[PDB]
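Presented below is the structure to which this report refers.
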Amino acid sequence: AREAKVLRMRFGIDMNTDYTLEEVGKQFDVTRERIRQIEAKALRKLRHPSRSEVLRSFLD
Amino acid sequence: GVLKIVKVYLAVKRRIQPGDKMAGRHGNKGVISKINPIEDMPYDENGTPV
Amino acid sequence: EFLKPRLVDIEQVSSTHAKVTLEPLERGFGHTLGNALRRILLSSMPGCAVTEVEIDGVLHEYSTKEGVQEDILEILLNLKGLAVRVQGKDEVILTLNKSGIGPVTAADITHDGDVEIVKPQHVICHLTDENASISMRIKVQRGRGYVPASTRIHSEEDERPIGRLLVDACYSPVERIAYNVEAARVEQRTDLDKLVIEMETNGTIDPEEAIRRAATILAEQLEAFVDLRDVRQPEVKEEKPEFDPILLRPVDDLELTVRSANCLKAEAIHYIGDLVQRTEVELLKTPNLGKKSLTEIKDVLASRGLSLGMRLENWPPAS
Amino acid sequence: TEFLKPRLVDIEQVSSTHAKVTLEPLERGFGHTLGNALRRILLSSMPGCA
Amino acid sequence: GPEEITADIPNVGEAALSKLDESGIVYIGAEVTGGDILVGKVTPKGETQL
């Protein structure tokens, strides 16, 4: 749920604007380099399969 | 508006298939409908298909 | 409670055509086997037939050779009709050369242990300028019936040799078959019939050889006509792939350098399912792989979405 | 060289006396050849006492 | 902007860029089918807004 809020946040996903990573840090109280790590692991997670299978196909 | 143009020239070889239109010189049109194996063809006692 | 036939005089009359006879034939079985054999003999008979051809300085059929009077397209059409026989082999690549103002027959080729040029008068083309000169890789496979140039690209998988000019394949040796059952009176027995099956060949099948493979197939077919088990297939295939299907593709797909291409050839890594799970730890240790050599693998793996070095407690399942 | 013998064959019989057999897939032209040949033998030369 | 005939094309495999020269044109003699690129070309559309 935090990796979702973190991802929906970095991108414009079902939200108006997208947020500067600092803007994001203050919003969770645990900040900085930190959120950028939470982010990367989440991407990292969505990157191989179980997960990877479906999204890949949108790329042509 | 046009800078340069590349024209590629293709040579297709079309055989023949159900649907092509054919005709003799006497106004007999007709469209080949099935293509038959030499096996199912009418032959004469000399064995030579048509 | 029955009789059975067999073959008396197989009378050749030319290299091209002969009239084989079948004598112990009961009532009307003359027409029974006679039609049904015409039907297997006109189709299902083996043949080797020229398939692909590379020629010297020629890119495709729609061109002309300098100093020859046929147009390439025609010249392939002369080869469709190039009769030949080969034995132990299943695709031989003959070779042709010759120069000088001279009609190039099917003779002027080069022999092989297996190659028989059943018609070396057969015209392939004509040269027309003293030092006009031609060479070619004629390729001859062997198969059954009609395999036209067109259907031959689905395997594709790089037939890039652009100078390779596939011709349609009329793989056959029957030209026309024509049986007649004239009644033959074996001295005693009411009336049994003869079966003079007359045929017409390209020269490359020996009549008796034929007629046997013919009955051969007739047998193999009926073989399941005897019993009738209502047989079926299991079917119901799987709707569950575990991993992402990319891991079943070959490493060519990574569109990478040659040096790195063979590296994964050699270290045993075809499927990317194995390249994925082999770390950088595994790779300096691998034959001919450096800082330039492996920097290469982390860029294509990056752009397709995957990574080097990972796991899957399950690789690869399961047919 | 190597040939094709069928798979799937539901002899769907009505009554004991009557029967309808379906049987695929045959090579091209092999339906008629086998069909007619087995018809001839089924019709003309089949041992019986009438 | 100007459109380029460059052999450089967005979202494409070497499988396509095989039948093509450096310059982006298919080589003469090359047997092609439906879909294959005869002349690689690109048109400028910058600042996408995805």
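Every chain in the structure tokens has a letter given in the order shown (A, B, ...), and although residue numbers restart at 1 in each chain, ligands are simply numbered from 1 in the order shown.
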*asked:* Based on the backbone DSSP call, show me all residues of chain E assigned helix (DSSP H, G or I), as a ChimeraX atom specification.
replied: /E:14-17
*Name the residues in contact with residue C:119 at a cut-off of 10 Å, using only C-alpha atoms, excluding same-chain residues fewer than 2 positions from it; report them as number ranges by chain.*
C: 15, 82-84, 105-107, 116-117, 121-123, 202-204
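Proximity to residue E:41 was assessed for E:9, E:2, E:15, E:22 counting only C-alpha atoms; the smallest distance is recorded for E:9.
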Compile a residue-level contact table for chain D against chain B at a cut-off of 9 Å, reporting for every qualifying residue the shortest atom pair and its distance in Å to one decimal, with only C-alpha atoms counted, rows ordered by chain and ascending number, as a tab-separated table.
residue	atom	partner	partner_atom	distance
D:28	CA	B:37	CA	8.2
D:29	CA	B:39	CA	7.0
D:32	CA	B:40	CA	8.7
*Write down, as a list in words, each residue of chain C that has any atom within 10 Å of an atom of chain B, counting only C-alpha atoms.*
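For chain C, the answer reads residues 35, 36, 38, 39, 40, 41, 42, 43, 61, 62, 150, 175, 176, 177, 178, 179, 180, 198, 199 and 200 of chain C.
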